[PDB]
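Chemist:
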Ligand SMILES: Nc1ncnc2c1ncn2[C@@H]1O[C@H](COP(=O)(O)OP(=O)(O)OP(O)(O)=S)[C@@H](O)[C@H]1O
Ligand SMILES: Nc1ncnc2c1ncn2[C@@H]1O[C@H](COP(=O)(O)OP(=O)(O)OP(O)(O)=S)[C@@H](O)[C@H]1O
Ligand SMILES: [Mg+2]
Ligand SMILES: [Zn+2]
Ligand SMILES: [Zn+2]
């Protein structure tokens, strides 16, 4: 609790300062602590060398990390409420030559779950998206790397489709949000209430819409798929970078390809790019050759404006305030499941979908960058694979 | 006794309203109770939040569930008798963030099962339906999501064709109705009595008619087809959005296409639409332009009498009371047989079937909406065409 009270004092003073990050760094003879204020790291405090393991355990408990594991990096998430400071923290631990270093990123205050029309879909992709989630049943997968806005998009969907004539039931680890009109159930491993234990009880609970917060079992993948097969609408998340790899991911978790093919409505992969500041924004002229290589049509290449923030402190550092989302939406059709039943590659499906008109993250990112929402760099950074 | 009084009333009201399920839902500041009627959830009442644990208690006593346990789902069965009420109830309790939700399902009986004349078949389809079930051997598939009326149709058929000169054998998970005249067997995991293990045994039981409640696995799909092949009549349920996809799905499940083309009598795809309440029923002047994009001809727009129910006390305000089935009946002939082998797609099969006389779900829906059985939107909400 010497350790616990230090950790809680740091997060507090980080919150009140509007600090973005907190670094706990072992050194040769001490542990330095630093806070990023207005873009720069500042010295907060100094802990003795022996104090290291104590503190690292406290933040590991907070994010559900493994204490025993010290040779490998771990990431986690901390929903932190103590009194008047509620901040969500992104947690990172890293093996360092002097012991384990921890970094906690203070996330922007979430605000409220938006309507479907304010998620930042391209006008064209939006219509196909609205058609995927309006379907009576089947499973709709939302994927992306840690913190790409999966849960946020998921609840925006539920906000739309969970009508009083339906039973919307939810399994989450943990439950975020107090969204009305639906029933929410949190995973309890203490009790024995796993994802699969719950998901099987849900089938005896007369559901219409099932939201599976996370699929990380074979049991869960199988049950969610059969729920989609028998006539329920399932929304679930995976942690996969490619929309097509989500299909392959399910094959690996033990789902029969013919069941994947019969239930899957589509897969949404998204990213978050920083938004350029509207105030210190400037026009930039792109190398036509770059645009060309990015698959942008010649005949579109003359309008040709890209944008970037030089910076003020409405931005702080950066030229960026806020984040926006990037999407590629794999809508399953007669030909795609016609590729899943056959031996597939994620690769083959992707271009089988691109033809038929599927717009890719980079294409989606590029086009929003052409609007001055984001830089081309942020777009490239998120789509490099 | 106040919680006893509530449970008594809500089951009484569900019974008289023909309600599938009672939902008792803990929410943030109250308890909400919903009735599913005609497949649609409907608000029944609100309880004050501190009355939850008394009500759940009554429900648990009925089904012999543990009161102490509130962290894990529970399941029960009760034969409920109050006044003249005699219903079997299936009880489900499930922990949510605001406490345990309860679902009580009102179960049907054999007496509720219709005669095939009352299944709602259009006159042209009904004559073909009859010729399909009156064949000596082959496999007949009934497909669609849960709550489509698959079991009602199945046993309706067995009421007409399980005459006393034949052995009529059933494998079910679970056995729902107790039917006179036929032999029924329930799937039992704990003993190892699979669908496939049961079905293997049926072939040494001198059967005539075989009913497979559900085809989930690849082995069951093969043995049921084999049993059809050798000279037995097989009625089985599958989940597909479409009659033609039942062919493709058997393929995907591993059945040899030459075996499918050899054994398959036909497929029935089925949905349930809501009937227009006839205490609200008000005639509505059709819009021709909207009836033209919907593939209806000029002749059909004449002789078109649409209706919509202007909500009343008897329909709970919905404008609907009762349900009705819409049908897509694929009847296998030689051309469909040659297309099943030669591995044509479901879309190819479907277009063959229609040219040969098959009405799609949408078309059967539209046809009955023009009779004022149901409304247009119900047809559009229950069919992706
Ligand atoms: N479309 C969006 N635009 C801007 N910010 C967003 C958007 N979606 C999410 N965010 C924010 O970004 C953070 C991402 O949180 P989530 O939406 O929960 O991400 P996630 O993919 O669920 O991440 P996990 O669950 O930790 S792997 C939250 O702080 C959201 O406020
Ligand atoms: N032809 C019909 N017309 C009107 N209501 C019907 C009809 N068939 C079924 N129903 C109602 O719909 C409910 C569900 O029908 P079921 O046949 O039991 O459902 P199913 O999901 O299609 O088949 P299962 O999963 O093996 S019970 C029945 O219990 C009846 O209340
Ligand atoms: Mg999440
Ligand atoms: Zn700026
Ligand atoms: Zn009415």
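Residue numbers (PDB author numbering), protein chains in the order written: chain E, 506 to 890; chain D, 506 to 890.
Heads up, the beta-carbon is just placed ideally off N, CA and C, and yes, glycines get one too.
Any heavy atom of ligand 3 closer than 7 Å to the CB of residue 597/D?
Modeler: Not under cutoff, so the answer is no.
Chemist: By how many angstroms is the C-alpha of residue 586/E removed from the C-alpha of residue 793/D?
Modeler: Residue 793/D and residue 586/E: Cα-Cα distance of roughly 59 Å.
Chemist: State whether the region 727 to 741 of chain E contacts the region 804 to 822 of chain E, with contact taken as three or more CB pairs (one from each stretch) at a distance under 8 Å.
Modeler: No contact exists between the region 727 to 741 of chain E and the region 804 to 822 of chain E.
Chemist: Give the interface partners of residue 533/D over in chain E, defined as CB-CB distance under 8 Å, in chain order.
Modeler: Here the neighbours are 683 and 685.
Chemist: Please name the residues in the region 662 to 677 of chain E whose beta-carbon is closer than 7 Å to at least one beta-carbon of chain D, in chain order.
Modeler: So the close ones are 669, 670, 671 and 672.
Chemist: Going along chain E, which residues have a C-beta under 9 Å from residue 597/D?
Modeler: Per Cβ cutoff of 9 Å: 706, 709, 710 and 711.
Chemist: Are the Cβ atoms of residue 648/E and residue 745/E separated by less than 8 Å?
Modeler: Contact flag set, yes.
Chemist: Could you tell me the alpha carbon to alpha carbon distance between residue 879/D and residue 779/D, rounded to whole angstroms?
Modeler: So the alpha carbons of these two residues sit roughly 6 Å apart.
Chemist: Could you tell me whether any non-hydrogen atom of ligand 2 is closer than 7 Å to the CB of residue 763/D?
Modeler: Result no, Cβ not under 7 Å from ligand 2.
Chemist: Express the C-alpha separation of residue 675/E and residue 683/E in angstroms, rounding to a whole number.
Modeler: Each residue's Cα considered, the two are about 12 Å apart.
Chemist: Determine the direct distance from the alpha carbon of residue 772/E to that of residue 836/E, and round the result to whole angstroms.
Modeler: Roughly 7 Å separates the two Cα atoms.
Chemist: Can residue 782/D be considered in contact with ligand 5, in the sense that its beta carbon sits closer than 7 Å to one or more heavy atoms?
Modeler: Yes.
Chemist: Using a cut-off of 8 Å between C-beta atoms, extract the partners of residue 763/E located in chain D.
Modeler: Residues of chain D passing the Cβ test: 754, 757 and 758.
Chemist: How many Å lie between residue 857/E and residue 868/D at the Cα?
Modeler: For residue 857/E and residue 868/D, the distance between alpha carbons rounds to 31 Å.
Chemist: So who's on the other strand from residue 741/D, going by DSSP bridges?
Modeler: DSSP lists 646/D and 717/D as partners of residue 741/D.
Chemist: Could you check where the beta strand (DSSP E) with residue 580/D kicks off and where it finishes?
Modeler: 579 to 587 is the extent of the beta strand (DSSP E) around residue 580/D.
Chemist: If we count the other Cβ atoms within 10 Å of its Cβ and call it buried at 16 or more, is residue 774/E buried or exposed?
Modeler: Residue 774/E is buried by the Cβ-count criterion.
Chemist: So for residue 567/E, helix, strand or coil by DSSP?
Modeler: Three-state DSSP puts residue 567/E in a helix.
Chemist: Find the nearest neighbour of residue 524/D within the set 557/D, 580/D, 530/D and 592/D, judged by alpha-carbon distance.
Modeler: Considering only alpha carbons, the answer is 592/D.
Chemist: Could you tell me which chain D residues have their CB closer than 7 Å to the CB of residue 697/E, listed as they occur along the chain?
Modeler: By Cβ distance, chain D contributes 577.
Chemist: For residue 846/E and residue 762/E, which I take to be in contact (beta-carbon distance under 8 Å), what is that distance rounded to the nearest angstrom?
Modeler: So it is a contact: roughly 6 Å between Cβ atoms.
Chemist: Kindly identify the DSSP beta-bridge partner or partners of residue 600/E.
Modeler: Partner(s): 605/E.
Chemist: Say whether the region 723 to 732 of chain E touches the region 816 to 833 of chain E, bearing in mind that this needs 3 or more beta-carbon pairs closer than 8 Å, one atom from each stretch.
Modeler: Segments in contact, no.
Chemist: Look up residue 610/E in the DSSP assignment and say whether it is helix, strand or coil.
Modeler: Three-state DSSP puts residue 610/E in a strand.
Chemist: Report the start-end ranges of each alpha helix (DSSP H) in the region 803 to 871 of chain D that is 4 residues or longer and not cut off at the edges.
Modeler: The qualifying runs are 803 to 806, 839 to 845 and 851 to 861.
Chemist: Examine chain D for any beta-carbon lying closer than 8 Å to the beta-carbon of residue 642/E, and answer yes or no.
Modeler: So, interface residue.
Chemist: Could you tell me whether any non-hydrogen atom of ligand 5 is closer than 7 Å to the CB of residue 819/D?
Modeler: Yes, since a heavy atom of ligand 5 falls inside the 7 Å radius drawn around the Cβ of residue 819/D.
Chemist: Can you name the start and end residues of the alpha helix (DSSP H) that residue 749/E belongs to?
Modeler: 748 to 757 is the extent of the alpha helix (DSSP H) around residue 749/E.
Chemist: For residue 679/D versus residue 689/D, is the C-beta distance shorter than 8 Å?
Modeler: No, Cβ-Cβ distance for residue 679/D and residue 689/D is not below 8 Å.
Chemist: Would residue 522/E and residue 599/D qualify as a contact pair, given that the criterion is a beta-carbon distance under 8 Å?
Modeler: Not in contact: residue 522/E and residue 599/D (Cβ atoms no closer than 8 Å).
Chemist: For the region 856 to 881 of chain D, which residues have a beta carbon sitting closer than 9 Å to at least one beta carbon of chain E?
Modeler: Those would be none; no residue qualifies.
Chemist: Would you kindly check if the distance between the Cβ of residue 595/E and the Cβ of residue 612/E is under 8 Å?
Modeler: Cβ distance < 8 Å, so residue 612/E and residue 595/E count as in contact.
Chemist: Within 10 Å of its beta-carbon, does residue 573/E have 16 or more other beta-carbons around it, so buried, or fewer, so exposed?
Modeler: Classification for residue 573/E: exposed.
Chemist: What would DSSP say about residue 877/D, mapped onto helix, strand or coil?
Modeler: Residue state, collapsed to three classes: coil.
Chemist: Let's test the definition: count the other Cβ atoms within 10 Å of the Cβ of residue 597/E and tell me whether it reaches 16, buried, or not, exposed.
Modeler: Buried, since its Cβ has 16 or more Cβ neighbours within 10 Å.
Chemist: Which residues bound the alpha helix (DSSP H) around residue 793/E?
Modeler: Residue 793/E -> alpha helix (DSSP H) spans 793 to 798.
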